[PDB]
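J.: Chains as they are written, first to last, in PDB author numbering: chain A, 18 to 187, 198 to 311; chain C, 276 to 324; chain B, 363 to 479, 490 to 585.
Before we start, here is the structure in question, set down as structure tokens.
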Amino acid sequence: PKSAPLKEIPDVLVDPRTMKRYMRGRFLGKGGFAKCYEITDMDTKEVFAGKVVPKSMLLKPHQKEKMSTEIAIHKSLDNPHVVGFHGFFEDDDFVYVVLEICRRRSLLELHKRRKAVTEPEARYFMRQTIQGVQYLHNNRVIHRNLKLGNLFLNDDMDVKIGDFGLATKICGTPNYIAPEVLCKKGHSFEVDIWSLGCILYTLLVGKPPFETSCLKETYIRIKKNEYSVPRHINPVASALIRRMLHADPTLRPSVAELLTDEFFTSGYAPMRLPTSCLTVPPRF
Amino acid sequence: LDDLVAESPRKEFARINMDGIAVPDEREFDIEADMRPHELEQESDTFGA
Amino acid sequence: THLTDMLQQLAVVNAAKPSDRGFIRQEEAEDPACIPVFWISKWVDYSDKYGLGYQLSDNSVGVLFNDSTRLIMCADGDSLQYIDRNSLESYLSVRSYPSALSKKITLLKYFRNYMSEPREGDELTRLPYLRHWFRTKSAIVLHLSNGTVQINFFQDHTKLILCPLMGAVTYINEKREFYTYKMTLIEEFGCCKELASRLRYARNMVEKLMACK
């Protein structure tokens, strides 16, 4: 065998630097080797999401390097469409990270219940996500792992981009990989643009543009830029998807020109969504 | 299926409208409803404590 | 499709015999990301006269009337959805309705009244509705339009809520604690005897749902 027995997580998490006490509540899920819990600040009763990372899993300098980068980048962020960073601290056994809670989970869960969403809903989610990406890119941060699963939803259905594990400020394996990364041409902000393309396709079509049963065919389709937008999607959205998913990163749009595409400036664009949208189509 | 004491209407064999049904006094509805199967998940008042 | 896919998911977990393991690790099958968006918090079986009335977990309410129509009222106590015999869904308000819905509106309010103890965006609220139900002496089973199947056990006041879309099962115990599990993970890590028997029971209940129609 080749692993130490897991340490148990304290019932109360104390930040000695600020003397704050967070009562560990219910399990929220486990992402990578971290486990997340609902934590409650016992003086203020504010509730947060506590990411708990065992040090046993941070042993090599490369892993510590990684964690520290995710953290430095994320704490440098403050935007309504990015998951709020509320601090970090540590004992002998764990690194504890205090995050804005998103009780309505993620756009992946929404995708699983709804499959294809209505075009107005797509507008709403993509606009909010893109304003997020605009902020990140304006701060020279490339996310590099944008996917359904790290587009979080709060109780007002605002989108929060989280999971800065692969982020860098100007790797592991991203969900949607851009062709330039695969071809090893190096890569830049345009990578995020590609992923948004894959997300928009997915929100409107109901399935991913490239991913299939076998990983190696996915890769080929991505290199060759082989995908098809179904006929029932309208042209305006279809053209936006094609731009976003262009084989050449230099020819994908800037994040800055995304919100002025005709897909966003035409069509009904609700400014708010009810939580009912998590499970079934809205009124319209 | 014999365990089924009650079920939703099978559109094929159900009444086609509710014109035949009289609307009661709310009081009688409430009294009879108390004698109907139901779950209201009442959780008791703790009076601030 | 919902029921079929659910049946097949339940057959698969049950056939893995998840409680017949030397060492059960139920807690590894937990998936809080799959917590249900809505469930039925209350119900009244007035089906000898009007139909079945219910309340969802967001405090909206609904009634499945004995003519196979449904009327649903949102939490705002004003916005209604109506589903007619041919499943056409109409949106209206309680201030403004066809005179043919007049009795149903009154009935609905009564149910609502009996069971009771507006930002931007709320106007877009549309709810799933009750498609079928049946009751026995020990349980009630409820199937919503979003694929959720809910089983209330009367004896111990417990619930199961199953979703074929998330492939998930939520158990609500006496103490009113929600636990949500991925059924493929229950297959891998196992679950206790009590849950396993409730999953068998659920497969049986779901068969009974498919057999009525």
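All residues carry an ideal CB built from backbone N, CA and C; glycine is no exception.
1. Relative to the C-alpha of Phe-237/A, which residue among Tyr-141/A, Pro-33/A and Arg-248/A is closest?
2. How about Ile-159/A and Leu-285/A: do their beta carbons lie closer than 8 Å?
3. What residues from the stretch 440–461 of chain B come within 9 Å of chain A, judged by C-beta to C-beta, listed N to C?
4. Using a cut-off of 8 Å between C-beta atoms, extract the partners of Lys-129/A located in chain B.
5. Once you ignore the five residues that flank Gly-67/A on each side, which residues in its own chain have a CB closer than 8 Å to its CB?
6. Does the Cβ of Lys-554/B have 16 or more other Cβ atoms within 10 Å, making it buried, or fewer, making it exposed?
7. Would you mind stating whether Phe-105/A and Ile-88/A have Cβ atoms separated by less than 8 Å?
8. Checking contacts by CB at 8 Å: is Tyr-553/B closer than that to chain C?
9. Between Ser-319/C and chain B, is there a C-beta pair that is closer than 8 Å?
10. Going by the CB atoms, is the gap between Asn-545/B and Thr-556/B shorter than 8 Å?
11. Is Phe-400/B close to chain A, meaning its C-beta is less than 8 Å from at least one C-beta of that chain?
12. Taking C-beta to C-beta, are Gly-233/A and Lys-132/A nearer than 8 Å?
13. Out of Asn-261/A, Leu-278/A and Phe-311/A, which has the shortest C-alpha to C-alpha gap to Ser-293/A?
14. Using a Cβ-Cβ distance under 8 Å, would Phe-304/C count as near chain B?
15. Using the three-state DSSP reduction, which class does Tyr-543/B fall into: helix, strand or coil?
16. The alpha helix (DSSP H) with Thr-292/A in it runs from where to where?
17. Could you please tell me which residues of the stretch 387–414 of chain B, in chain order, have their CB closer than 9 Å to any CB of chain F?
18. Against chain B, which members of the stretch 279–310 of chain A pass a CB distance test of less than 8 Å?
19. Can you look up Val-374/B in the DSSP assignment and give me helix, strand or coil?
20. Who are the Cβ neighbours of residue 13/A in its own chain at under 8 Å, not counting the five residues just before and after it?
21. Name the two residues that bound the continuous alpha helix (DSSP H) containing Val-208/A.
22. Using a Cβ-Cβ cutoff of less than 7 Å, which residues in the same chain neighbour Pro-201/A once the five nearest sequence positions on both sides are dropped?
23. If you drop the 5 nearest sequence neighbours on each side, which residues of the same chain put their C-beta closer than 6 Å to that of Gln-151/A?
24. Using a Cβ cut-off of 8 Å (strictly closer), state whether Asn-524/B contacts chain C.
25. Throw me the rounded Cβ distance for the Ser-283/C and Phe-506/B pair, which I believe falls under 8 Å.
26. What residues in its chain sit with their C-beta under 7 Å from that of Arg-498/B, if we drop five residues either side in the sequence?
27. Can you round the beta-carbon distance between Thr-302/A and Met-143/A to whole angstroms, since I take them to be within the 8 Å contact cut?
28. Listed from N- to C-terminal order along the chain, which residues in the stretch 45–64 of chain A have their beta-carbon within a distance smaller than 7 Å of any beta-carbon of chain B?
29. Express the C-alpha separation of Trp-221/A and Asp-28/A in angstroms, rounding to a whole number.
30. How would you label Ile-291/C, buried or exposed, when you count the other beta carbons within 10 angstroms and need 16 or more for buried?
31. Take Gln-527/B and list the residues in its own chain whose beta-carbon comes closer than 8 Å to its own, dropping the five residues that flank it on each side.
32. Contact check, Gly-413/B vs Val-425/B under 8 Å by CB: the rounded distance?
33. In chain B, which residues lie with their C-beta within 8 Å of the C-beta of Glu-25/A?
34. Within 10 Å of its beta-carbon, does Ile-268/A have 16 or more other beta-carbons around it, so buried, or fewer, so exposed?
35. What in chain B is Cβ-close to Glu-126/A, meaning under 8 Å?
36. Look up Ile-56/A in the DSSP assignment and give the residues it is bridged to.
T.: The answer reads as follows:
1. Counting from 1 along the first sequence, the entry for residue 237/A is found at position 210. Per the Cα distances, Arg-248/A.
2. Position 142 of the first sequence, counting from 1, holds the residue named residue 159/A. Position 258 of the first sequence, counting from 1, holds the residue named residue 285/A. For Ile-159/A and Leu-285/A, no; Cβs fall outside 8 Å.
3. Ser-441, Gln-443 and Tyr-453
4. Translated into the one-based positions of the first sequence, residue 129/A becomes position 112. Under the 8 Å cutoff, chain B gives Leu-537 and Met-538.
5. Counting from one through the first sequence, the residue named residue 67/A turns up at place 50. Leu-30, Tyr-39, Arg-41, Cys-53, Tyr-54, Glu-55, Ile-56, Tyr-113, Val-114, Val-115 and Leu-116.
6. Here residue 554/B corresponds to residue number 182 of the third sequence, with the count starting at 1. Buried, because 16 or more other Cβ atoms sit within 10 Å of the Cβ of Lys-554/B.
7. Translated into positions along the first sequence, residue 105/A becomes position 88. Translated into positions along the first sequence, residue 88/A becomes position 71. Cβ atoms of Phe-105/A and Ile-88/A: closer than 8 Å.
8. Translated into the one-based positions of the third sequence, residue 553/B becomes position 181. Chain C contact via Cβ: absent.
9. Taking the second sequence and counting its residues from 1, the one referred to as residue 319/C is at position 44. No, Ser-319/C lies away from the interface with chain B (no Cβ there is under 8 Å from its Cβ).
10. Position 184 of the third sequence, counting from 1, holds the residue named residue 556/B. Position 173 of the third sequence, counting from 1, holds the residue named residue 545/B. Not a contact, by the Cβ cut-off of 8 Å.
11. For this step, residue 400/B is matched to residue 38 along the third sequence. Interface residue, yes.
12. Walking along the first sequence from the start, residue 233/A turns up at place 206. Walking along the first sequence from the start, residue 132/A turns up at place 115. Result yes, Cβ atoms of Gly-233/A and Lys-132/A sit closer than 8 Å.
13. Your numbering for residue 293/A matches position 266 in the first sequence. Measuring from the Cα of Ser-293/A, the nearest candidate turns out to be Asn-261/A.
14. In the second sequence, residue 304/C corresponds to position 29, counting from 1. It does; some Cβ of chain B falls within 8 Å.
15. Reading the third sequence from its first residue, position 171 is the one you call residue 543/B. The answer is strand: DSSP assigns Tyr-543/B an E or B state.
16. Within the first sequence, the letter at position 265 stands for residue 292/A. Here the alpha helix (DSSP H) through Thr-292/A covers 289–292.
17. No chain F is present in this structure, whose protein chains are A, C and B.
18. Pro-297, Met-298, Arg-299, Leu-300, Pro-301, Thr-302, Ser-303, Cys-304, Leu-305, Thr-306, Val-307, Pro-308, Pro-309 and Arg-310
19. Along the third sequence, one-based indexing puts residue 374/B at 12. Looking at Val-374/B - three-state DSSP - the assignment turns out to be helix.
20. Absent from the structure is residue 13/A, since the part of chain A shown begins at 18 and ends at 311.
21. Locating residue 208/A in the first sequence gives position 181, counting from the first residue. Element bounds for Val-208/A: 206–209.
22. Position 174 of the first sequence, counted from the first residue, corresponds to residue 201/A. Result list for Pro-201/A: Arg-161, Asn-162 and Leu-183, in chain order.
23. Reading the first sequence from its first residue, position 134 is the one you call residue 151/A. Excluding sequence neighbours, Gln-151/A sits near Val-282.
24. The residue given as residue 524/B occupies position 152 in the third sequence. With 8 Å as the cut-off, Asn-524/B counts as an interface residue toward chain C.
25. Here residue 283/C refers to the residue found at position 8 of the second sequence. Here residue 506/B refers to the residue found at position 134 of the third sequence. Correct: roughly 7 Å between the Cβ atoms.
26. Locating residue 498/B in the third sequence gives position 126, where the first residue counts as 1. Closer than 7 Å at the Cβ level, and outside the excluded window around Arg-498/B, lie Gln-443.
27. In the first sequence, counting from the first residue as 1, residue 302/A sits at position 275. In the first sequence, counting from the first residue as 1, residue 143/A sits at position 126. Actually they do not touch by this definition, with Cβ atoms about 19 Å apart.
28. Here the close residues are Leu-45 and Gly-46.
29. The count along the first sequence starts at 1 and reaches residue 28/A at position 11. The count along the first sequence starts at 1 and reaches residue 221/A at position 194. Using only the alpha carbons, I get a separation of about 42 Å.
30. Counted from its first residue, the second sequence places residue 291/C at position 16. By the neighbour-count rule (16 or more Cβ atoms within 10 Å), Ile-291/C is not buried but exposed.
31. As a position in the third sequence, residue 527/B is number 155, starting the count at 1. So the qualifying residues of the chain are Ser-510.
32. For the purposes of this step, residue 413/B is identified with residue 51 of the third sequence, where counting begins at 1. For the purposes of this step, residue 425/B is identified with residue 63 of the third sequence, where counting begins at 1. Indeed they touch by this definition, with Cβ atoms about 5 Å apart.
33. Against the first sequence, residue 25/A aligns to sequence position 8. Under the 8 Å cutoff, chain B gives no residues; its nearest Cβ is about 13 Å from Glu-25/A.
34. For the purposes of this step, residue 268/A is taken as residue 241 along the first sequence, with counting starting at 1. Under this definition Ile-268/A is a buried residue.
35. Residue numbering aside, residue 126/A sits at position 109 when the first sequence is read from its first letter. Within chain B, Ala-395, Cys-396 and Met-538 have C-beta atoms less than 8 Å from the C-beta of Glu-126/A, given in sequence order.
36. Stepping through the first sequence from its first residue, residue 56/A is reached at position 39. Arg-41/A and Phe-65/A, per the DSSP bridge assignment.
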